[PDB]
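Colleague: I am sharing protein.cif, which consists of mmCIF, C-alpha atoms:
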```cif
data_entry
loop_
_atom_site.label_atom_id
_atom_site.label_comp_id
_atom_site.auth_asym_id
_atom_site.auth_seq_id
_atom_site.Cartn_x
_atom_site.Cartn_y
_atom_site.Cartn_z
CA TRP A 4 159.53 -100.95 -29.14
CA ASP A 5 156.67 -100.26 -26.70
CA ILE A 6 156.80 -96.45 -26.53
CA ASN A 7 154.50 -94.28 -24.42
CA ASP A 8 156.39 -91.14 -25.55
CA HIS A 9 156.80 -92.00 -29.25
CA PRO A 10 159.73 -90.64 -31.30
CA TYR A 11 157.92 -89.56 -34.49
CA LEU A 12 154.17 -89.89 -33.85
CA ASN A 13 152.23 -87.19 -32.07
CA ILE A 14 149.84 -89.11 -29.79
CA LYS A 15 146.86 -87.76 -27.81
CA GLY A 16 143.95 -89.33 -26.00
CA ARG A 17 140.53 -87.95 -25.02
CA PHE A 18 137.62 -89.55 -23.23
CA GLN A 19 134.42 -89.62 -25.27
CA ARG A 20 130.90 -90.86 -24.49
CA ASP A 21 129.37 -93.61 -26.60
CA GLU A 22 125.69 -93.79 -27.56
CA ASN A 23 124.86 -95.35 -24.16
CA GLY A 24 126.61 -92.56 -22.26
CA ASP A 25 129.52 -94.85 -21.38
CA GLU A 26 133.06 -93.53 -21.38
CA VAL A 27 135.46 -94.48 -24.17
CA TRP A 28 139.19 -93.75 -24.23
CA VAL A 29 140.05 -92.70 -27.78
CA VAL A 30 143.73 -92.74 -28.76
CA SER A 31 144.73 -90.85 -31.88
CA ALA A 32 148.19 -90.85 -33.46
CA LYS A 33 149.11 -88.38 -36.19
CA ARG A 34 151.82 -87.88 -38.79
CA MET A 35 152.16 -85.06 -41.32
CA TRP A 36 154.18 -85.21 -44.53
CA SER A 37 155.33 -82.04 -46.27
CA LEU A 38 154.80 -82.35 -50.02
CA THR A 39 157.08 -79.33 -50.45
CA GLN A 40 159.87 -80.28 -48.03
CA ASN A 41 159.51 -84.04 -48.78
CA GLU A 42 159.90 -85.02 -45.13
CA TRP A 43 157.86 -85.94 -42.09
CA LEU A 44 157.25 -83.07 -39.71
CA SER A 45 158.45 -83.70 -36.17
CA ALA A 46 155.83 -84.58 -33.57
CA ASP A 47 156.21 -81.10 -32.06
CA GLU A 48 154.91 -79.54 -35.28
CA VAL A 49 151.91 -81.93 -35.43
CA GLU A 50 148.64 -80.90 -33.78
CA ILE A 51 145.83 -83.38 -33.12
CA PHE A 52 142.57 -81.41 -33.06
CA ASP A 53 140.26 -81.58 -30.05
CA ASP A 54 137.64 -79.45 -31.80
CA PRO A 55 136.30 -78.79 -35.30
CA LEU A 56 137.44 -75.67 -37.09
CA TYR A 57 135.05 -73.56 -39.16
CA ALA A 58 135.80 -70.77 -41.60
CA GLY A 59 133.11 -68.55 -40.04
CA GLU A 60 130.35 -69.01 -37.52
CA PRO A 61 130.32 -72.64 -36.31
CA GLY A 62 127.39 -74.36 -38.02
CA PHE A 63 126.90 -71.64 -40.65
CA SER A 64 130.21 -71.79 -42.48
CA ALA A 65 132.42 -74.28 -44.24
CA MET A 66 134.12 -76.78 -41.97
CA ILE A 67 137.90 -76.67 -42.43
CA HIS A 68 138.51 -79.81 -40.40
CA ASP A 69 136.57 -82.02 -38.01
CA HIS A 70 137.85 -83.10 -34.61
CA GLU A 71 140.00 -86.23 -34.51
CA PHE A 72 138.53 -88.28 -31.64
CA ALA A 73 135.70 -90.19 -33.26
CA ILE A 74 134.91 -93.27 -31.22
CA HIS A 75 134.50 -95.27 -34.45
CA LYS A 76 134.85 -95.11 -38.21
CA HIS A 77 134.25 -98.15 -40.44
CA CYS A 78 136.57 -96.90 -43.22
CA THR A 79 139.19 -94.29 -43.96
CA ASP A 80 137.96 -90.78 -44.68
CA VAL A 81 139.89 -88.84 -47.35
CA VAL A 82 139.32 -85.07 -47.42
CA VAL A 83 140.94 -82.17 -49.29
CA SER A 84 141.38 -78.52 -48.38
CA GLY A 85 142.61 -76.44 -51.29
CA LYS A 86 141.84 -74.18 -54.20
CA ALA A 87 141.25 -74.72 -57.87
CA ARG A 88 144.42 -73.50 -59.61
CA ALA A 89 144.46 -73.27 -63.39
CA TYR A 90 147.28 -74.94 -65.30
CA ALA A 91 150.23 -72.57 -65.93
CA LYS A 92 148.30 -69.61 -64.50
CA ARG A 93 146.41 -69.27 -67.78
CA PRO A 94 142.94 -67.84 -67.01
CA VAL A 95 140.05 -70.20 -67.72
CA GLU A 96 136.27 -70.07 -67.42
CA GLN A 97 135.99 -73.63 -66.04
CA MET A 98 138.37 -76.42 -65.09
CA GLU A 99 138.37 -79.88 -63.56
CA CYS A 100 139.78 -80.98 -60.20
CA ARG A 101 140.36 -84.70 -59.68
CA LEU A 102 141.04 -86.80 -56.61
CA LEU A 103 142.46 -90.25 -57.43
CA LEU A 104 143.18 -92.94 -54.82
CA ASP A 105 143.78 -96.24 -56.58
CA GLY A 106 141.12 -98.80 -55.79
CA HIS A 107 139.00 -96.47 -53.65
CA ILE A 108 138.35 -93.01 -55.10
CA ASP A 109 138.22 -91.55 -58.61
CA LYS A 110 136.37 -88.25 -58.44
CA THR A 111 136.32 -85.30 -60.79
CA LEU A 112 134.43 -82.08 -60.06
CA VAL A 113 133.88 -79.22 -62.47
CA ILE A 114 134.76 -75.71 -61.25
CA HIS A 115 133.00 -72.80 -62.94
CA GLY A 116 134.07 -69.17 -63.00
CA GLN A 117 132.01 -66.72 -61.01
CA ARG A 118 128.58 -65.89 -62.43
CA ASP A 119 125.69 -63.48 -61.84
CA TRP A 120 121.95 -64.03 -61.74
CA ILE A 121 119.99 -62.84 -64.80
CA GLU A 122 116.35 -61.94 -64.19
CA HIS A 123 113.81 -61.95 -67.03
CA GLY A 124 110.08 -61.51 -66.52
CA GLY A 125 110.06 -63.39 -63.22
CA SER A 126 112.39 -66.09 -64.58
CA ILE A 127 116.01 -66.20 -63.42
CA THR A 128 119.04 -67.78 -65.05
CA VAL A 129 122.84 -67.47 -64.82
CA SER A 130 125.35 -65.49 -66.83
CA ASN A 131 128.49 -66.76 -68.51
CA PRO A 132 131.40 -67.53 -66.17
CA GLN A 133 134.21 -65.09 -65.53
CA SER A 134 137.78 -66.13 -66.18
CA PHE A 135 139.94 -67.00 -63.20
CA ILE A 136 143.42 -68.14 -62.24
CA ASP A 137 142.51 -69.62 -58.84
CA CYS A 138 139.40 -69.81 -56.68
CA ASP A 139 137.91 -71.33 -53.56
CA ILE A 140 135.94 -74.56 -53.87
CA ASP A 141 134.42 -75.09 -50.43
CA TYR A 142 130.72 -75.83 -49.86
CA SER A 143 129.76 -72.14 -49.85
CA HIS A 144 130.30 -72.48 -53.65
CA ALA A 145 128.20 -75.64 -53.93
CA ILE A 146 124.45 -75.89 -54.53
CA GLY A 147 122.42 -75.04 -51.45
CA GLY A 148 121.08 -72.16 -49.41
CA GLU A 149 117.52 -72.64 -48.21
CA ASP A 150 118.18 -76.39 -48.35
CA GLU A 151 119.10 -78.72 -45.51
CA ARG A 152 121.46 -80.60 -47.81
CA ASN A 153 123.79 -77.56 -47.63
CA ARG A 154 122.54 -74.46 -45.86
CA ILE A 155 125.74 -72.53 -46.70
CA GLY A 156 125.58 -72.98 -50.45
CA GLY A 157 123.76 -71.00 -53.08
CA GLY A 158 121.13 -71.51 -55.73
CA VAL A 159 118.22 -72.86 -53.68
CA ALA A 160 115.66 -70.36 -52.39
CA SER A 161 111.94 -69.97 -51.73
CA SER A 162 111.73 -66.71 -53.71
CA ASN A 163 113.46 -64.84 -56.50
CA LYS A 164 114.19 -62.07 -54.00
CA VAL A 165 116.11 -64.45 -51.75
CA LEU A 166 117.74 -66.18 -54.70
CA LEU A 167 119.33 -62.90 -55.84
CA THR A 168 121.12 -62.46 -52.48
CA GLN A 169 122.86 -65.84 -52.87
CA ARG A 170 126.07 -66.65 -54.70
CA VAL A 171 125.61 -68.62 -57.92
CA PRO A 172 127.12 -72.05 -57.19
CA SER A 173 130.23 -72.97 -59.10
CA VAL A 174 131.31 -76.48 -57.99
CA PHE A 175 129.48 -79.42 -59.58
CA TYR A 176 129.85 -83.01 -60.59
CA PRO A 177 130.46 -83.43 -64.35
CA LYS A 178 127.39 -82.83 -66.50
CA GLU A 179 125.57 -80.96 -63.72
CA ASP A 180 124.94 -77.24 -63.30
CA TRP A 181 122.48 -74.99 -61.53
CA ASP A 182 118.82 -75.61 -62.35
CA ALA A 183 115.73 -74.19 -60.66
CA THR A 184 114.79 -77.79 -59.74
CA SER A 185 117.33 -78.00 -56.92
CA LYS A 186 117.02 -81.65 -55.86
CA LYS A 187 118.28 -82.84 -59.28
CA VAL A 188 121.69 -81.17 -58.63
CA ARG A 189 124.11 -82.77 -56.17
CA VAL A 190 126.10 -80.97 -53.50
CA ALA A 191 129.70 -81.24 -54.64
CA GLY A 192 133.08 -80.76 -53.01
CA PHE A 193 136.17 -82.46 -51.70
CA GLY A 194 136.10 -81.03 -48.18
CA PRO A 195 134.82 -82.52 -44.93
CA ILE A 196 131.04 -82.80 -44.53
CA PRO A 197 129.88 -80.51 -41.74
CA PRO A 198 127.63 -82.20 -39.18
CA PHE A 199 124.94 -79.66 -40.07
CA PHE A 200 124.57 -81.19 -43.53
CA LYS A 201 121.46 -83.32 -43.68
CA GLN A 202 123.41 -86.30 -45.00
CA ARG A 203 125.26 -86.37 -41.68
CA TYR A 204 122.92 -85.13 -38.95
CA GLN A 205 120.21 -87.55 -40.16
CA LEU A 206 122.59 -90.30 -39.03
CA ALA A 207 122.51 -89.03 -35.44
CA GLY A 208 118.86 -90.12 -35.10
CA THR A 209 115.57 -88.55 -34.05
CA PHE A 210 115.67 -86.20 -31.05
CA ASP A 211 111.90 -86.15 -30.68
CA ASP A 212 109.55 -86.07 -27.70
CA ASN A 213 109.65 -89.86 -27.46
CA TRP A 214 113.44 -89.58 -27.15
CA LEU A 215 113.23 -86.75 -24.63
CA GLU A 216 110.85 -88.71 -22.36
CA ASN A 217 111.84 -92.36 -22.75
CA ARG A 218 115.37 -92.71 -24.22
CA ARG A 219 117.46 -89.78 -22.96
CA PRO A 220 120.17 -89.70 -21.67
CA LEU A 221 120.97 -92.45 -24.19
CA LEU A 222 121.29 -91.40 -27.80
CA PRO A 223 118.33 -92.07 -30.09
CA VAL A 224 117.65 -95.66 -31.02
CA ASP A 225 118.22 -94.81 -34.69
CA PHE A 226 121.64 -93.29 -33.96
CA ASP A 227 124.13 -94.67 -36.53
CA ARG A 228 127.88 -94.75 -35.95
CA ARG A 229 128.31 -93.76 -39.62
CA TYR A 230 127.64 -90.27 -38.26
CA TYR A 231 131.32 -90.12 -37.28
CA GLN A 232 132.54 -90.25 -40.94
CA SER A 233 133.43 -86.75 -42.13
CA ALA A 234 134.36 -87.38 -45.76
CA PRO A 235 131.98 -87.14 -48.68
CA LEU A 236 130.52 -90.58 -49.33
CA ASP A 237 132.53 -91.08 -52.54
CA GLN A 238 135.67 -90.16 -50.58
CA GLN A 239 135.08 -92.83 -47.96
CA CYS A 240 137.43 -95.73 -48.66
CA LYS A 241 136.63 -99.43 -49.08
CA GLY A 242 137.50 -100.31 -45.52
CA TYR A 243 140.70 -98.97 -44.01
CA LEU A 244 143.74 -98.14 -46.10
CA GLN A 245 146.60 -100.56 -45.42
CA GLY A 246 149.63 -98.70 -46.76
CA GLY A 247 151.25 -98.19 -50.13
CA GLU A 248 148.15 -96.82 -51.85
CA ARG A 249 148.84 -94.06 -54.36
CA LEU A 250 147.06 -90.71 -54.05
CA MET A 251 146.92 -88.21 -56.91
CA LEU A 252 145.37 -84.74 -57.08
CA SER A 253 145.20 -82.66 -60.24
CA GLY A 254 143.91 -79.13 -60.62
CA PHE A 255 145.00 -77.89 -57.16
CA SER A 256 148.39 -76.57 -58.31
CA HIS A 257 149.29 -74.32 -61.22
CA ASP A 258 152.39 -76.30 -62.20
CA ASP A 259 152.31 -79.98 -61.19
CA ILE A 260 150.05 -82.74 -59.93
CA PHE A 261 150.26 -83.69 -56.26
CA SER A 262 151.38 -87.28 -55.66
CA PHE A 263 151.65 -89.16 -52.37
CA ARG A 264 152.09 -92.80 -51.41
CA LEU A 265 150.85 -93.89 -48.00
CA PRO A 266 153.42 -95.29 -45.57
CA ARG A 267 153.11 -98.97 -44.71
CA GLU A 268 153.72 -98.72 -40.96
CA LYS A 269 150.81 -100.04 -38.87
CA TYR A 270 150.30 -99.46 -35.15
CA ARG A 271 148.93 -101.21 -32.08
CA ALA A 272 147.97 -99.46 -28.83
CA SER A 273 147.89 -100.75 -25.26
CA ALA A 274 145.87 -99.18 -22.45
CA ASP A 275 146.32 -100.21 -18.81
CA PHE A 276 143.14 -100.17 -16.72
CA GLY A 277 144.55 -101.46 -13.44
CA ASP A 278 145.56 -105.12 -13.67
CA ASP A 279 143.88 -105.39 -17.09
CA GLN A 280 146.10 -104.78 -20.14
CA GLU A 281 144.17 -104.19 -23.38
CA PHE A 282 145.41 -104.28 -26.98
CA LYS A 283 143.73 -102.77 -30.06
CA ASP A 284 145.02 -102.24 -33.58
CA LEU A 285 144.96 -98.64 -34.71
CA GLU A 286 143.40 -98.00 -38.12
CA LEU A 287 143.91 -95.07 -40.46
CA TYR A 288 140.84 -92.90 -39.84
CA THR A 289 141.69 -89.78 -41.81
CA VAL A 290 143.82 -88.67 -44.72
CA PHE A 291 143.66 -84.88 -44.91
CA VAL A 292 145.30 -83.32 -47.98
CA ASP A 293 145.98 -79.59 -47.70
CA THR A 294 147.18 -78.56 -51.13
CA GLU A 295 147.72 -74.89 -50.20
CA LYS A 296 150.17 -75.86 -47.45
CA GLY A 297 151.53 -78.93 -49.25
CA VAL A 298 150.96 -81.26 -46.30
CA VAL A 299 149.22 -84.61 -45.91
CA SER A 300 147.99 -85.47 -42.42
CA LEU A 301 147.46 -89.09 -41.40
CA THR A 302 145.43 -89.78 -38.27
CA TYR A 303 145.30 -93.26 -36.82
CA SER A 304 142.92 -94.16 -34.04
CA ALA A 305 141.74 -96.85 -31.66
CA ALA A 306 139.02 -96.77 -28.96
CA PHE A 307 139.05 -98.57 -25.61
CA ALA A 308 135.72 -99.03 -23.85
CA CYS A 309 136.21 -98.10 -20.20
CA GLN A 310 132.92 -97.54 -18.38
CA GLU A 311 134.01 -100.27 -15.96
CA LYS A 312 137.32 -98.67 -14.98
CA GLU A 313 137.54 -95.01 -15.98
CA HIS A 314 139.59 -93.76 -13.03
CA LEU A 315 141.84 -96.84 -13.20
CA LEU A 316 143.52 -95.78 -16.48
CA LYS A 317 147.27 -95.76 -15.84
CA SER A 318 149.07 -95.69 -19.19
CA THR A 319 148.71 -95.83 -22.96
CA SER A 320 151.50 -96.94 -25.27
CA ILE A 321 151.77 -97.31 -29.05
CA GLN A 322 154.13 -99.71 -30.81
CA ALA A 323 154.67 -100.27 -34.51
CA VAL A 324 153.61 -103.65 -35.87
CA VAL A 325 156.47 -105.64 -37.43
#
```
Can you turn what I pasted into structure tokens?
Modeller:
Amino acid sequence: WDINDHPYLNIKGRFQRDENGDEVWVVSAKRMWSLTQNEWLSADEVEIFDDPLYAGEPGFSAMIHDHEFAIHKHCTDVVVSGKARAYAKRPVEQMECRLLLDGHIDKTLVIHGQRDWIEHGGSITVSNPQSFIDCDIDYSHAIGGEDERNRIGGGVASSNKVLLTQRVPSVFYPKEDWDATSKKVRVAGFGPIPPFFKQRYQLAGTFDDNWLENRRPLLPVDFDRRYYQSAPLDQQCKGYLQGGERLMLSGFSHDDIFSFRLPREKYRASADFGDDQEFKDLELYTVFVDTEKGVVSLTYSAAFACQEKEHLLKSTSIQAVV
């Protein structure tokens, strides 16, 4: 059952550099389940992503998905790409979207209809929401703007003039809405956290003059491997998912809730660096729910440190654990 060329997993490996500049062989294995077709897609139809994908300019637009070769994650990320879709296609002015993963995640966000700014003697507020059937809910609709928490959002500006060129944010946690005091309103969404969000790039450490002169080429001393997690913090699981957990999403389909139960198969990888055979358990690093396509992607990963014997890598095989 030791399969280099696996019959249902798509498997890909990339070398990465760790925070000391040392090479790491990262093996990622991926499965996709069609919620519509109720079947696993064949490995040929499964793509493991070498690079992040952005909606617009990289670094200035919502991140659709991150790359899949993190050297380490301490828990499973769960991320959603989809739209708010009102029940039965009845127009509404606001609705709730909920991500439920038993034991790990229970998250509701409130989605508002589109709104306009209302100016009044140098004071600005928001109009009533417009009715909608479906809408986008990515971080360009979250609080942000002139704000390192989310520089692609709206509602945070240094002047009324700038504020009026921004989109009124529409995605919030329950009991929160836009207020002029921006830091009291959380950035909200279900999608992956772009590295240019302060909550993430802060974890990469301080690239200051001290670093430039005395630490480089190493990463900064305050680099934190949590930087590799791409889910929102309340969508990071309690450790790694083990199989059998139930996932439920409501508000992303007009007609029904999405429901998915994780497979129980677990995997072990083996990498051959010459005469040295190495074994590491894969863990589930990412659960990516695309409700527009009706697919759930599952990416498993393991990382083999190989600064000693880079060129000596012969083979990598993955076998299911019985």
Colleague: Between atom CA of residue A:124 and atom CA of residue A:180, what distance in Å does the model show, to one decimal?
Modeller: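 Atom CA of residue A:180 lies at a distance of 21.9 Å from atom CA of residue A:124.
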Colleague: Quick one: residues within 10 Å of residue A:283, only C-alpha atoms counted, chain neighbours fewer than 5 positions away excluded, as a list in words?
Modeller: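 Within the cut-off, the hits are residues 270, 271, 272, 273, 274, 304, 305, 306, 307 and 321 of chain A.
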Colleague: Leaving out stretch 82-88 of chain A and any residue of its chain fewer than 5 positions from it, which residues lie within 8 Å of it when counting only C-alpha atoms, given as a list in words?
Modeller: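 Surrounding residues, per the criterion: residues 67, 98, 100, 114, 136, 137, 138, 139, 140, 193, 194, 195, 234, 235, 238, 254, 255, 256, 257, 289, 290, 291, 292, 293, 294 and 295 of chain A.
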Colleague: Which value, in Å to one decimal, gives the distance between atom CA of residue A:210 and atom CA of residue A:222?
Modeller: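 Between atom CA of residue A:210 and atom CA of residue A:222 the gap is 8.3 Å.
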Colleague: Expressed in Å to a single decimal, how great is the separation between atom CA of residue A:172 and atom CA of residue A:126?
Modeller: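 It comes out at 17.5 Å.
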Colleague: Under the rule that all atoms listed in the file are counted, which of A:247, A:57, A:164, A:105 is the nearest residue to residue A:125?
Modeller: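 Closest residue, counting all atoms listed in the file: A:164.
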Colleague: Pick out the closest residue to residue A:117 from this set: A:79, A:173, A:310, A:185. Count all atoms listed in the file.
Modeller: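 Comparing A:79, A:173, A:310, A:185 against residue A:117, the winner is A:173.
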Colleague: For the point (135.7, -88.2, -63.3) in file coordinates, what residues are within 10 Å, counting all atoms listed in the file? Give the answer as a ChimeraX atom specification?
Modeller: /A:99-103,108-113,176-177
Colleague: Tell me which of A:320, A:168, A:232, A:97 sits closest to residue A:12, counting all atoms listed in the file.
Modeller: A:320
Colleague: Kindly resolve the PyMOL selection byres ((chain A and resi 152) around 9) on the present coordinates and return the residues as a list in words.
Modeller: residues 146, 147, 148, 149, 150, 151, 153, 154, 190, 199, 200, 201 and 202 of chain A
Colleague: Write out the residues from the selection above, keeping C-alpha atoms, as a compact mmCIF listing (two decimals), in the frame of the given file.
Modeller:
```txt
# COMPACT_ATOMS: atom_id res chain seq x y z
CA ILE A 146 124.45 -75.89 -54.53
CA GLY A 147 122.42 -75.04 -51.45
CA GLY A 148 121.08 -72.16 -49.41
CA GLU A 149 117.52 -72.64 -48.21
CA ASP A 150 118.18 -76.39 -48.35
CA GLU A 151 119.10 -78.72 -45.51
CA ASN A 153 123.79 -77.56 -47.63
CA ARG A 154 122.54 -74.46 -45.86
CA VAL A 190 126.10 -80.97 -53.50
CA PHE A 199 124.94 -79.66 -40.07
CA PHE A 200 124.57 -81.19 -43.53
CA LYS A 201 121.46 -83.32 -43.68
CA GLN A 202 123.41 -86.30 -45.00
```
Colleague: Could you check which of A:197, A:76, A:120, A:26 is closest to residue A:58, using all atoms listed in the file?
Modeller: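 For residue A:58, the nearest of the given residues is A:197.
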Colleague: Complete the atoms of stretch 104-130 of chain A to N, CA and C atoms and put them out as an mmCIF file, in the frame of the given file.
Modeller:
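After the write, part14.cif holds the following:
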```cif
data_model
loop_
_atom_site.group_PDB
_atom_site.id
_atom_site.type_symbol
_atom_site.label_atom_id
_atom_site.label_comp_id
_atom_site.auth_asym_id
_atom_site.auth_seq_id
_atom_site.Cartn_x
_atom_site.Cartn_y
_atom_site.Cartn_z
ATOM 1 N N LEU A 104 142.588 -92.077 -55.842
ATOM 2 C CA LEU A 104 143.180 -92.940 -54.820
ATOM 3 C C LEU A 104 142.910 -94.358 -55.313
ATOM 4 N N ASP A 105 143.958 -95.011 -55.821
ATOM 5 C CA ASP A 105 143.780 -96.240 -56.580
ATOM 6 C C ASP A 105 143.005 -97.276 -55.793
ATOM 7 N N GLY A 106 141.964 -97.791 -56.402
ATOM 8 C CA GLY A 106 141.120 -98.800 -55.790
ATOM 9 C C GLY A 106 139.990 -98.295 -54.912
ATOM 10 N N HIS A 107 139.948 -96.980 -54.627
ATOM 11 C CA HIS A 107 139.000 -96.470 -53.650
ATOM 12 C C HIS A 107 138.258 -95.232 -54.102
ATOM 13 N N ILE A 108 138.933 -94.304 -54.753
ATOM 14 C CA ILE A 108 138.350 -93.010 -55.100
ATOM 15 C C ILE A 108 138.800 -92.657 -56.517
ATOM 16 N N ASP A 109 137.866 -92.194 -57.355
ATOM 17 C CA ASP A 109 138.220 -91.550 -58.610
ATOM 18 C C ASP A 109 137.133 -90.511 -58.869
ATOM 19 N N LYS A 110 137.418 -89.259 -58.534
ATOM 20 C CA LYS A 110 136.370 -88.250 -58.440
ATOM 21 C C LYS A 110 136.841 -87.009 -59.148
ATOM 22 N N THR A 111 136.090 -86.576 -60.133
ATOM 23 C CA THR A 111 136.320 -85.300 -60.790
ATOM 24 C C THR A 111 135.135 -84.380 -60.522
ATOM 25 N N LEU A 112 135.419 -83.129 -60.165
ATOM 26 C CA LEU A 112 134.430 -82.080 -60.060
ATOM 27 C C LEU A 112 134.778 -80.987 -61.053
ATOM 28 N N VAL A 113 133.731 -80.317 -61.531
ATOM 29 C CA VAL A 113 133.880 -79.220 -62.470
ATOM 30 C C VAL A 113 133.754 -77.901 -61.721
ATOM 31 N N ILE A 114 134.711 -77.005 -61.946
ATOM 32 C CA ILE A 114 134.760 -75.710 -61.250
ATOM 33 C C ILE A 114 134.461 -74.621 -62.267
ATOM 34 N N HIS A 115 133.407 -73.857 -62.029
ATOM 35 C CA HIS A 115 133.000 -72.800 -62.940
ATOM 36 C C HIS A 115 133.537 -71.463 -62.439
ATOM 37 N N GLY A 116 133.799 -70.550 -63.361
ATOM 38 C CA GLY A 116 134.070 -69.170 -63.000
ATOM 39 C C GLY A 116 132.850 -68.533 -62.349
ATOM 40 N N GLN A 117 133.084 -67.388 -61.732
ATOM 41 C CA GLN A 117 132.010 -66.720 -61.010
ATOM 42 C C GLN A 117 130.979 -66.177 -61.997
ATOM 43 N N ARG A 118 129.718 -66.241 -61.592
ATOM 44 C CA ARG A 118 128.580 -65.890 -62.430
ATOM 45 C C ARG A 118 127.599 -65.025 -61.652
ATOM 46 N N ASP A 119 126.729 -64.334 -62.392
ATOM 47 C CA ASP A 119 125.690 -63.480 -61.840
ATOM 48 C C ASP A 119 124.316 -64.038 -62.182
ATOM 49 N N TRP A 120 123.320 -63.669 -61.394
ATOM 50 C CA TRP A 120 121.950 -64.030 -61.740
ATOM 51 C C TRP A 120 121.467 -63.081 -62.832
ATOM 52 N N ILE A 121 120.614 -63.603 -63.717
ATOM 53 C CA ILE A 121 119.990 -62.840 -64.800
ATOM 54 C C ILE A 121 118.492 -63.010 -64.645
ATOM 55 N N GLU A 122 117.792 -61.916 -64.381
ATOM 56 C CA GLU A 122 116.350 -61.940 -64.190
ATOM 57 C C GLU A 122 115.657 -61.530 -65.486
ATOM 58 N N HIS A 123 114.525 -62.179 -65.769
ATOM 59 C CA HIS A 123 113.810 -61.950 -67.030
ATOM 60 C C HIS A 123 112.347 -62.316 -66.804
ATOM 61 N N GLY A 124 111.495 -61.295 -66.681
ATOM 62 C CA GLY A 124 110.080 -61.510 -66.520
ATOM 63 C C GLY A 124 109.747 -62.576 -65.491
ATOM 64 N N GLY A 125 110.297 -62.432 -64.284
ATOM 65 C CA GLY A 125 110.060 -63.390 -63.220
ATOM 66 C C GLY A 125 110.791 -64.705 -63.344
ATOM 67 N N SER A 126 111.563 -64.902 -64.408
ATOM 68 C CA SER A 126 112.390 -66.090 -64.580
ATOM 69 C C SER A 126 113.862 -65.704 -64.464
ATOM 70 N N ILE A 127 114.620 -66.509 -63.733
ATOM 71 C CA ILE A 127 116.010 -66.200 -63.420
ATOM 72 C C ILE A 127 116.905 -67.279 -64.003
ATOM 73 N N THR A 128 118.018 -66.859 -64.596
ATOM 74 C CA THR A 128 119.040 -67.780 -65.050
ATOM 75 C C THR A 128 120.414 -67.197 -64.683
ATOM 76 N N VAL A 129 121.473 -67.847 -65.167
ATOM 77 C CA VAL A 129 122.840 -67.470 -64.820
ATOM 78 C C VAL A 129 123.556 -66.920 -66.034
ATOM 79 N N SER A 130 124.530 -66.051 -65.778
ATOM 80 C CA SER A 130 125.350 -65.490 -66.830
ATOM 81 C C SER A 130 126.477 -66.446 -67.215
#
```
